[PDB]
Every structure is written in structure tokens, then in C-alpha cells.
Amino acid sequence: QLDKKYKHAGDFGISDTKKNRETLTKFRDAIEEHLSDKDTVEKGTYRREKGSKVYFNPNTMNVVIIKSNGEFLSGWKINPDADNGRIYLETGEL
């Protein structure tokens, strides 16, 4: 699941355009650091993935989606200026 979402790695401070064992682990660590950050808290859900929980960091503006079973689904940076982003901030619906 981490490989198919590497397209979002750049939102997590990893600009490596190359997708290899090295850059993937970097992405994996980037996700772990997001979830472990004191300022990262639960906020909303990704409806489609009914039951999922998202963890938001108001500093980096990144969200990471976790499935009901606790598996990593995806993640990316929220854009507060776009309707989708504003809607998520106000209602928690991603």
C-alpha cells in the first residue's frame, strides 16, 4: 500500500522522485513521524472508506487516513483555500 501512495510522499517532506526501497522507507518513516507527532490528532474520516479515521497536523496541514482495521490507506496535504480543504476543516469530512 505504501508503494502505490508514494505519489503523495512529496507532501511529507520527501522530494525524491525515485521510488526505491530507500525512498519508500523514508516515506514510511515520514508517515510514522506524522502519526507520532504530539500536534497530530484525530480529525474526521474518509467517508468512502466507511469507518476510517484520519489524523491531521495543523502545522504541516497533512492528513493520514487509517482504515477501521488500523491499516494505512493514504495521506496528503490539505489545501485550506480549496473547497474540499475548507469543508474538511469545518466538518471533518475528507
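Residues carry their position along the shown sequence, with the first being 1.
With 66-74 and 21-29 compared on mean CA B-factor from the PDB entry, the stretch scoring higher is 21-29. Annotation for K43: CA B-factor lies in the lowest third of the chain's modelled residues. Annotation for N57: CA B-factor lies in the middle third of the chain's modelled residues. In the deposited entry, the Cα temperature factor of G13 sits in the top third of values across the chain's modelled residues.
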